[PDB]
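J.: part one of the complex, left exactly where it sits:
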Amino acid sequence: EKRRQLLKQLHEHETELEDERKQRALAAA
């Protein structure tokens, strides 16, 4: 269960990666 939630943590870290690229797109304008 801990390993599964760690993989979920990595997936959500990826989600903040899309958050970062969204912020970069916002700053581009």
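T.: Thanks, I have the structure now. Residues are numbered from 1 along each chain as shown, chains lettered A, B, ... in the order given.

J.: And the helices in chain A?
T.: Taking DSSP state H to define them, one finds helices in chain A at A:2-28.

J.: Pull the number of nearby residues for residue A:25.
T.: 9 (other C-beta atoms under 10 Å). Using the backbone N, CA and C atoms, a C-beta is placed for each residue, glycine as well.

J.: Enumerate every residue touching it.
T.: If a contact means C-beta atoms under 8 Å, 6 or more residues apart in numbering, then residue A:25 has no contacts.

J.: State the distance from it to residue A:19.
T.: Distance of residue A:25 to residue A:19, given as C-beta to C-beta, to the nearest Å: 11 Å.

J.: Around residue A:12, how many other residues sit close by?
T.: Quick note: residue A:12 (other C-beta under 10 Å) scores 10 neighbours.

J.: any idea how far it is from residue A:21?
T.: The gap separating residue A:12 from residue A:21 is 15 Å, by C-beta to C-beta.

J.: cool, and residue A:8?
T.: 21 Å.

J.: Further, place chain B onto the existing structure:
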Amino acid sequence: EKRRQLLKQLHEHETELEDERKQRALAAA
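T.: Chain B goes in next, on the same frame as the chains above:
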């Protein structure tokens, strides 16, 4: 506690998205 750190990270996520939404609303140009 690990998942609550994840939850506060998600709180940062949603606050950033709300800030992006209001920023786009106010300065869509």
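
J.: can you check the neighbour count of residue A:25 again with chain B included?
T.: 10 (other C-beta atoms under 10 Å in any protein chain shown).

J.: Check residue A:8 too.
T.: 12.

J.: so what's it up against?
T.: Shown in contact with residue A:8 (C-beta atoms under 8 Å, 6 or more residues apart in numbering or on different chains): no residues.

J.: distance of it from residue B:1?
T.: Taking C-beta to C-beta, one finds residue A:8 at 16 Å from residue B:1.

J.: and what of residue A:14?
T.: In terms of C-beta to C-beta, residue A:14 sits 22 Å off from residue B:1.

J.: Could you check which of the two is surrounded by more residues?
T.: For residue A:14 versus residue B:1, the count of surrounding residues by other C-beta under 10 Å is larger for residue A:14: 10 against 5.

J.: quick one: contacts for the nearest residue to residue A:15 once chain neighbours are set aside?
T.: Leaving out its chain neighbours, the residue that sits closest to residue A:15 by C-beta to C-beta, 6 or more residues apart in numbering or on different chains is residue B:13, at 6.8 Å. Contacts for residue B:13 (C-beta under 8 Å, 6+ apart) come out as A:15-16, A:19.
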